[PDB]
């Protein structure tokens, strides 16, 4: 099925992911435990004894450079190159009754760590997966700076008996940490991505992955369902999502393709739940106005109203007749709302007497922006078109209600609607990230959302 939303992370985005990762990887690397090395010796002109290098602690583990390359159709390749591991510890040697002790410094440089990241999807939950398929460290030199006392044999000893085991265990510990951090911390983090985002008492958005993440030459492509759903009653959309093929760029870190299907499912869900309705009472209009929802006022042009229903208030019911459409094109987004406006006369017992039913429809601009990690918008209308559907007070020129419709609608109706639109809809962002410096480029059948991300 064509996805309703597509997320494309660019190289700039991956570079950021790697910098945050490496930084987080440094801490785990600095917590590696290297054993104590105690062994005996017997040198031709020195004698027999027991040496010991122990109580070693990692003081600095700098990872200056890190990089994530994209291996088309395969995955990511994480690489660190000039790793510097500065270790410190103590040592003690004993020759007969001679006891010698002191601290020592060790420096491991030119360490290279390479790891393969494989991306997948979990169908039963719709969450992305990431695991480390391969890892390999590599140490170039080991500078044992016990340069403080004339004890060359001990330094010779370190290189001839200990170095070969230290490096091997260091290379294993590093890849052990990397592999673990991926499964235990990288994967669980990217699963904070919203799958079933509940936005209110009525709707929610389904951001579930509909296929495994595809790695290309220059982008990591993520396909999401992107359809507003209802929990009170499930109903599939009478349309299919468009193929969102957009220019892969590297100006921003991430790019979202928000299809028209996505936006239109919202309209369907809110309509069918019977919530796009509103009651206008005469007391909502500020007391200092020309128009009044009273039969008296309506008497100026429709009496009838004042003739059958003498001096009473008027109540108007505004409801959506059909699901509001939203068209996305390179010029901008257009909204097509159709409403049923029915006027009732409020009898002295609070009962409602149907006056007439009006069919209104218009065309407006839907502007879209982003605040925090939300998608907000604002609706603006054009001329309103009235149509008379049925009248209990006889046929009349439906054009007489134009002035009333042109006050009520933009003063009473539009305001409430824009409040929800300005509240917005949650975007598919993982935890602890905020989107800044965004660009919204309208395209044919979908909206392009580009942005930079900042990880807390």
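Numbering follows the first chain given and starts at 1.
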item: Of 301-309 and 186-194, the stretch whose C-alpha atoms average the higher B-factor in the entry; value: 301-309
item: Entry-level comparison of average CA B-factors, 245-253 and 173-181, reporting the higher stretch; value: 245-253
item: C-alpha B-factor winner, where the candidates are 201, 216, 164, 329; value: 164
item: Residue of maximum C-alpha B factor among 149, 279, 363, 321, per deposited coordinates; value: 149
item: Among modelled residues of the same chain, the CA temperature factor third for residue 454; value: middle
item: Cα B factor band for residue 97 (lowest, middle or highest third within the chain); value: lowest
item: Cα B factor band for residue 418 (lowest, middle or highest third within the chain); value: lowest
item: Residue 135 - Cα temperature factor, lowest/middle/highest third of chain; value: middle
item: Modelled-residue ranking by C-alpha temperature factor, third containing residue 77; value: lowest
